[PDB]
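Position 1 is the first residue of the sequence, and the numbers go up from there.
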Amino acid sequence: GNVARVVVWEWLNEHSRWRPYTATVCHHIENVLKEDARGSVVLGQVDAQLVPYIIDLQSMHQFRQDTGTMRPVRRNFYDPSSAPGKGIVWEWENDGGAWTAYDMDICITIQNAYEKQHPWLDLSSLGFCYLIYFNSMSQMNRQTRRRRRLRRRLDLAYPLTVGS
Ligand SMILES: Nc1ncnc2c1ncn2[C@@H]1O[C@H](COP(=O)(O)OP(=O)(O)O)[C@@H](O)[C@H]1O
């Protein structure tokens, strides 16, 4: 009953980047974890688009049914004052019109810049040649100058638990 933190389940992708599940999915994973620490989260029950994937809480891996391949997952934690504590989410648009949430650490940084009335934010130190402009609400590649739309939604807060 001492410290409060935000649960963010993340999965490791081909670019060695920890990608976050949505808040809807993270609440579902936690609900399964509370019941049995050796359980298996059928992501298809909460998200029909994640129907091939299974989260094996024993080995802490994302399991593919049809192929058998695995990707490491993790139950990561962030400050309750950050964006996942409330459900603030920053997403960018690809060529096809689909919106994709930033990495959780970058997403929090964007929200920190925004609320401080920072005109823009530079992710070069973070390992991203990208520049985010809040006035135009757009992202720009520092090297290629290519731009993409930016948006911020109020989705669902990520699960919040207590550290003793
Ligand atoms: N939990 C997830 N949520 C959304 N997309 C995912 C997830 N896990 C994997 N992907 C996407 O699936 C693609 C790779 O397919 P994957 O299911 O990992 O099998 P394999 O790596 O054997 O091709 C990656 O580009 C990744 O972006």
Sequence neighbours excluded, which residues qualify as salt bridge (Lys or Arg N to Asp or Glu O under 4.0 Å) partners of [X]?
X: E115; answer: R152
X: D66; answer: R64
X: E30; answer: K34, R75

Check your understanding: Going by atom types alone, do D56 and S59 pair a side-chain donor with an acceptor below 3.5 Å?
Key -> yes
Review point. Under 3.5 Å, is there a donor-acceptor pair linking the side chains of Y21 and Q62?
Key: yes
So, using side-chain hydrogen bond (donor to acceptor under 3.5 Å, both in side chains) as the criterion, who are the partners of [X] when residues are at least two apart?
X: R149; result: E93
X: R19; result: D103
X: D122; result: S124, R142
X: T24; result: none

**Study point:** For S125, all residues meeting side-chain contact (heavy atoms from CB on, under 4.5 Å), sequence neighbours excluded
**Key:**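 In terms of side-chain contact (heavy atoms from CB on, under 4.5 Å), with neighbours along the sequence ignored, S125 is linked to no residue.
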Sequence neighbours excluded and cut-off under 3.5 Å, please list the side-chain donor-acceptor pairs for residues 80-90, or say none.
from, atom 1, to, atom 2, distance (Å)
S81, OG, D79, OD2, 3.0
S82, OG, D79, O, 2.7
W90, NE1, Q111, OE1, 2.8

Review point. Which ILVMFWY residues can you reach from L12 by hopping between side chains whose heavy atoms are under 4.5 Å apart?
Key: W18
Review point. Which ILVMFWY residues are connected to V162, directly or by a chain of links, through side-chain heavy atoms under 4.5 Å apart?
Key: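 Joined to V162, directly or through intermediates: none.
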**Study point:** Sidechain-backbone polar pair: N94 side chain, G97 backbone, donor-acceptor under 3.5 Å
**Key:**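 Side chain of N94 to backbone of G97: a pair is present.
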Review point. Cluster question for you: counting only ILVMFWY and a side-chain heavy-atom cut-off of under 4.5 Å, with indirect links fine, are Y53 and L57 together?
Key: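 Same cluster.
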Check your understanding: Is there a chain of hydrophobic side chains (I, L, V, M, F, W, Y, each step under 4.5 Å between heavy atoms) that links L160 to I29?
Key ->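 In one cluster: no.
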Check your understanding: What's the shortest heavy-atom distance between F128 and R17, and which atoms?
Key -> CE1-NH2, 3.0 Å
Listing, residues 37-50 side-chain donor-acceptor contacts under 3.5 Å, not counting sequence neighbours, or none:
from, atom 1, to, atom 2, distance (Å)
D47, OD1, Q49, N, 3.3

